[PDB]
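Heads up: the structure comes next, in structure tokens.
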Amino acid sequence: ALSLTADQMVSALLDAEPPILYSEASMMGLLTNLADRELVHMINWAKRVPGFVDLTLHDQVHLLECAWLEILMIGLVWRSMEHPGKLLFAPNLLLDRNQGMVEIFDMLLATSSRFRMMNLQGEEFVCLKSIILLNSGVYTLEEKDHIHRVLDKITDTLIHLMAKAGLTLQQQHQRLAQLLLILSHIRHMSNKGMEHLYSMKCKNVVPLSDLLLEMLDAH
Amino acid sequence: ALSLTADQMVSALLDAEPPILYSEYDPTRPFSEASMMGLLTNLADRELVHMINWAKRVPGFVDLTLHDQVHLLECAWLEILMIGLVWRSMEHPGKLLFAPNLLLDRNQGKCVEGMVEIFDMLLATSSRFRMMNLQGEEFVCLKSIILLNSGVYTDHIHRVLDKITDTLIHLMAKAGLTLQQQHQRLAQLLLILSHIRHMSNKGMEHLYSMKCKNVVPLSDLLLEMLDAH
Amino acid sequence: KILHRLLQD
Amino acid sequence: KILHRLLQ
Ligand SMILES: Oc1ccc2c(c1)CN(c1nc(Cl)nc3scc(-c4ccccc4)c13)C2
Ligand SMILES: Oc1ccc2c(c1)CN(c1nc(Cl)nc3scc(-c4ccccc4)c13)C2
């Protein structure tokens, strides 16, 4: 991971992208089923994020347990960018606001609008998603140094993409900061979604897969 | 707001810093869950008044309507308290300096159910800041970013946030960091803000828990802060 | 809200 | 548990 060029970093992350899946109380079933299937693909994707497989299996488990809902939402926000006012959970599951929980929905919509107004690029998106994976559990020695060294390389990669797009040095640093501050909002949305997920699990209304139940137990 | 130089931004933010307040710690009696929680809620209460007046000295903040000022502070207040706590604690490895008369280790945090989990995260952030050798000029920039950013997604604020990014880069260049060290450190500092958001949300759920089990009475201010989240 | 009044006093 | 096997 530490010897890849910036262009090589971007191509690796682009190649690792998971596929977009389809869906089939009733709403929750589709959403939980969808999240479960997306998690399985997320694990294969994580194994292709450069530097991730260098970590121990225990550290890999911890990072995915901390990051998985953040990753689901940034993916959701990304594929909803070109549908103002909607969230594209699946190509056949495009939801307007009124179809919601809704507090989470509104925050996801606002993030998509932010991405659209900044004109977030696909190459930038995949860098952001790998940062979420490596950052969201790092604060909870040699292995931590390795994750931080990989994180620095992903920052270099983002800056490289911005310089290649013609941004001045000042615009590069500003746009870098704008992107990373959105990750704080994505953490907030995942925090809120985990709390909702736990309430759902206390109730027996919604069927939750064993993997999801193990994910929820980790929080 | 936008007419400020980087050095004038730093000077304004340093001059606006709130004082370090003392807790109401009574060393005549042992700690209980209730008495710990009483100290922390009393301390947060008194710090909030200073934080409100600090916030009006954050450039760009007074230009906002009262409703928007309320929203920003309601979103960010606990993040702001904890980044301040972490900052105060950097020179006390293994401890959290809630106040000069309330310097606690994690064994003392176990006195309140659910507190040790948050205690450990704050300790980890404090050691992260220590390892990075966070500077006070950078710290005040980060605390202003939290104020303006945390409630932003719930143009003028984004221009102001951009100036603060310029200010952070200016500070790093003046410290002698290479161009590429500059953007790496910017990213490292801003990524810690996601962990501070996380810690706030845990702290806010813990506050709601103490309040729902009648552990301590919350002031009207803290009650309305909790209502907002 | 207390906060509303605190901000302007 | 499930995540372990899934990563392996
Ligand atoms: O790419 C994806 C795929 C699936 C999902 C998300 C992003 C986001 N997420 C949700 N989002 C919104 Cl707006 N309301 C809700 S109500 C319940 C969920 C839910 C279901 C299972 C696991 C966690 C949450 C949910 C579900
Ligand atoms: O400058 C300050 C002043 C007071 C406080 C903090 C920083 C941080 N903070 C906490 N920290 C840790 Cl380690 N566990 C916990 S459990 C509950 C809280 C809590 C209490 C009241 C109001 C909000 C949150 C808390 C309390």
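Chain order of the listed sequences is A, B, D and C.
Residue numbering for the first sequence is 307 to 330, 340 to 415, 421 to 460, 469 to 547, as defined by the entry's author numbering.
Residue numbering for the second sequence is 307 to 460, 473 to 547, as defined by the entry's author numbering.
In the entry's author numbering, each number is its position in the third sequence, counted from 1, plus 687.
In the entry's author numbering, each number is its position in the fourth sequence, counted from 1, plus 687.
Yeah, the Cβ is synthetic: ideal placement off N, Cα and C, and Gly gets one too.
Am I right that residue 507(A) and residue 444(A) are in contact with their C-beta atoms under 8 angstroms? What's the rounded C-beta distance? 7 angstroms
When the cut-off is 8 angstroms and only beta carbons count, does residue 488(A) lie next to chain B? no
Counting only C-beta atoms, is residue 483(A) closer than 8 angstroms to chain B at any point? yes
Going by CA-CA distance only, name the one from 503(B), 484(B), 493(B), 539(B) that's closest to residue 310(B). 484(B)
Between the beta-carbon of residue 408(B) and the beta-carbon of residue 398(B), is there less than 8 angstroms? no
I'd like to confirm the pairing. Which residues does DSSP put opposite residue 401(A) in its beta bridges? 411(A)
Given that a residue counts as buried once 16 or more other Cβ atoms are within 10 Å of its Cβ, and exposed if not, what is residue 326(B)? exposed
DSSP three-state call for residue 493(B): helix, strand or coil? coil
What did DSSP end up calling residue 326(A) once you bin it into helix, strand or coil? coil
Is any beta-carbon of chain D found at less than 8 angstroms from that of residue 380(B)? yes
Hey, would you say the C-beta of residue 435(B) is under 7 angstroms away from at least one heavy atom of ligand 2? no
Three-state secondary structure (DSSP) of residue 310(A): coil
Does the beta carbon of residue 356(A) come closer than 8 angstroms to any beta carbon on chain B? no
Where residue 499(B) and residue 512(B) are concerned, what is the direct C-alpha to C-alpha distance, given to the nearest angstrom? 21 angstroms
Find the residues of chain A that neighbour residue 515(B), judging by a C-beta separation of less than 7 angstroms, and give them in chain order. 512, 515, 516
Proximity below 8 angstroms, CB of residue 459(B) to CB of residue 427(A): yes
When you measure from the CB of residue 353(B) to every non-hydrogen atom of ligand 2, does any distance come out below 7 angstroms? yes
Is there a Cβ from chain A that is less than 8 angstroms from the Cβ of residue 434(B)? yes
Just jot down, in chain order, the residues whose CB lies closer than 7 angstroms to any heavy atom of ligand 1. 343(A), 346(A), 347(A), 349(A), 350(A), 353(A), 384(A), 387(A), 388(A), 390(A), 391(A), 402(A), 404(A), 415(A), 421(A), 424(A), 425(A), 428(A), 521(A), 524(A), 525(A), 528(A), 540(A)
Within 10 Å of its beta-carbon, does residue 691(C) have 16 or more other beta-carbons around it, so buried, or fewer, so exposed? exposed
Whole angstroms is fine: what's the gap from residue 452(A)'s alpha carbon to residue 517(A)'s? 13 angstroms
List the residues of chain A that residue 373(B) touches, going by C-beta distances under 7 angstroms, in chain order. Per Cβ cutoff of 7 angstroms: no residues; residue 373(B) is ~17 angstroms from chain A at best.
Quick check on residue 534(B): buried or exposed, where buried means 16 or more other Cβ atoms within 10 Å of its Cβ? buried
Distance, residue 689(D) Cα to residue 374(B) Cα: 15 angstroms
For a contact meaning CB atoms closer than 9 angstroms, what does residue 384(B) contact in chain A? Those do not exist, as residue 384(B) stays about 12 angstroms from chain A at its closest Cβ, beyond 9 angstroms.
Measure the C-alpha to C-alpha separation of residue 416(B) and residue 422(B) and round it to an integer number of angstroms. 5 angstroms
Can you look up residue 439(A) in the DSSP assignment and give me helix, strand or coil? coil
Determine whether the Cβ of residue 458(B) lies closer than 8 angstroms to any Cβ atom of chain D. no
In whole angstroms, what is the alpha-carbon distance linking residue 389(B) and residue 478(B)? 20 angstroms
From the beta carbon of residue 544(B), is the nearest beta carbon of chain D less than 8 angstroms away? no
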